[PDB]
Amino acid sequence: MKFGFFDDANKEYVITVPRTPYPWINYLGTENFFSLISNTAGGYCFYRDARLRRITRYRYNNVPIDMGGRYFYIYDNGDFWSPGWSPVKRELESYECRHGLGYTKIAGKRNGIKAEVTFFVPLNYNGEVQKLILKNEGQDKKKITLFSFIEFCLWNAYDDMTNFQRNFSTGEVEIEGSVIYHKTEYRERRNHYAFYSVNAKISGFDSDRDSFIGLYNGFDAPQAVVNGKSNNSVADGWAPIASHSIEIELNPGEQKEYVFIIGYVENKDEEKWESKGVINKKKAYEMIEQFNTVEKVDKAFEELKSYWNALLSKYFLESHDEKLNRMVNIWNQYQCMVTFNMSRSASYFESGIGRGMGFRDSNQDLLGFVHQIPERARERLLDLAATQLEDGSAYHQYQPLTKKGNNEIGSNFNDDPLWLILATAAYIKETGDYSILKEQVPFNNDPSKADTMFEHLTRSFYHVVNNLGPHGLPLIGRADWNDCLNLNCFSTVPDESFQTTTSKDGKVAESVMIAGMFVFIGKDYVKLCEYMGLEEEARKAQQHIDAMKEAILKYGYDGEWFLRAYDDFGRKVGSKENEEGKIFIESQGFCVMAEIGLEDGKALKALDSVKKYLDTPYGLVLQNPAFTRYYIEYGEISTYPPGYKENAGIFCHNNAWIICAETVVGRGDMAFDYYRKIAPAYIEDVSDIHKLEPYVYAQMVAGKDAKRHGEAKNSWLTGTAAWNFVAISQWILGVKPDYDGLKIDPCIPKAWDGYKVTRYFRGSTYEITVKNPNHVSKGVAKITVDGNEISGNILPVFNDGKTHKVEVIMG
């Protein structure tokens, strides 16, 4: 069918049927409190850490899907229904969900009653605000009852779903006025509680799940809603919930407005209690009063909109392609904010249990986020560096709540350290803030082991240097960027994840992808050395880079494309000589980005091979042919059925590297073709195949070897967002931050007449108009700034708060 459309003017995606191919979600919040909310108001929220401070409960992989969230019920003379269609699933006269930037509006109408709810998390506020408008659009007087409902989680989501032998006896609440407080374990080690409030006198409430719903009933028909009145239950263990009810009368045409808030509160220990066994509510009262009127809410809603408008205005594209404009000025940037906050932790696929902030994942997210909020990016870099060990390796991820590095999803990923150099460079190029290099940063999360940020950089670089294999290529260790390339593993026990099973310290298996990264990213470390006035170190660094290049050229090129790796037996991986996995995509991207084989045609050959063997209607697959059996020497990658995930699935993330590479060899047309094939705005009419959100990138699309080819998994949380924004904004469009200022160097489809990019950069804004009068793909003939022509492709830095005219002539 048609499920919705883009609304550029209001910066929203509009969903017009509730039964989408899969629940389609949005994220609320940008700082500390977060929510996931689907087009039926399903989902949940949490504070900073989805595993350790989960506020509301949510069941993944449920039947039916996506049962649980913020459930308003309208009771009308025995009949009842919800604005989001689900959970009651009675036909609505009209339905609509608008996902916007930091908010979601869901509107439903049945039997003359229209209900419209705006969900959002205000700036600098630890709660999800919900403005509910109820209008009688019929001709008669209506007496109805409005019910609210959330189901609480017992804070620790893992304990919550396994430790019933204990936690069925720990649930505690307080009810006072129009507020329901969840205070489980507050009597002991917890200094925080949650509340659910409405800003009107209530007719009733419920806080015990069994009482409100009934043991053998579902969310579709809670016995209390069916009977048209709350039961005023007080929870005592089992399953605490929060539900208000409000009896309401409405004349024809009359509307009434309500503000519901799901809040989080942490008390100082000297302010924990009001009296014995009675929680100190001082801070709740403040939060609640802060939004006790619809007009206070509107003001915050508009403050949020202006906030987004500001962020987005830092890179503004005016072109003749509306789909492109929509990706660049809105959605890609929006998704980059989300991934920056969430990393890979919590979505409708990532369970918010096992994954925290990923080391390499968050470093890469920085690439597409640094320009939006440099301050927060700066601090993020410092937080990631602190989880680096003294030997230069790093904890593969850290706990969001504490920021402590941990090994819960494995260790010894030899590509990890390099990402820190790339992200630091990106931040420096964007800001000119070299002072970050001087910051004192813990090692191993140990303040007593601190050294400068630059010394962290030095140990990242040299972790590769000190860990090379028989070909002078970088040892792969447990895996590189590809988590599933496990060459030191040889596991036969079904019960341990490949990510954490023992992996030997093999000195044979090497990665050609890490080798490419090293050359590409090394460029940046050399310059940073030079800045630090360390000429000899810069020289030695450059030597190691030069030797790595020769190693790739000598032992890393297969003939028509770059190899992937060498396994523990010294056998090639990703060569024409293999039976399966003859060619992999990862090394093609980075080796060419590193500018290898530009002169002898090896790069062009590689990219042509990629096109030939890896290209599909839905994007470039990871490798070809797919593995058709388990290879004990390759690890997890061969455990997936053909075409799914790392086994010949389409990993959109690494498609960005090929886009970048095509730009290196000056083929703007092909680069843009690759970009178009996976960009949401261009593939919207196939939602029934893609299945997932049409307004955001996903991690994985089933490849040509899969029966479900074209079906996506794991939407929203993917490095595809950061890397595709970099590709399109810097490599194609050519507005590329550098140490000395803005480097202009587009590579576009020849047919393009031109476009305009408005770019805020280092304290002043640049209006850049690009003209392609000879219709070339790459190469700049003339640049003039403020009327005068300049020499070079590097715009000067003004920092004068003014707008500067820039004309760029392709030639």
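Heads up: residue numbers just count along the shown sequence, starting at 1.
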| query | finding |
| --- | --- |
| Average Cα temperature factor in the PDB entry - higher stretch of 540-548, 96-104 | 540-548 |
| Mean C-alpha B-factor comparison - 214-222 and 290-298, higher one | 290-298 |
| Out of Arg166, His396, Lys142, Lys704, highest CA B-factor residue | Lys142 |
| Which of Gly29, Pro64, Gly43, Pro773 ranks first by CA B-factor in the deposited coordinates | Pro773 |
| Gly354 - Cα temperature factor, lowest/middle/highest third of chain | highest |
| Third of the chain, ranked by Cα B-factor, where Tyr186 sits | middle |
| Where the record places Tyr22 (Cα B-factor, split into thirds across the chain) | middle |
| B-factor third for the C-alpha atom of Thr501 within its chain | highest |
| Position of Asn412 among the chain's modelled residues by C-alpha B-factor, lowest, middle or highest third | lowest |
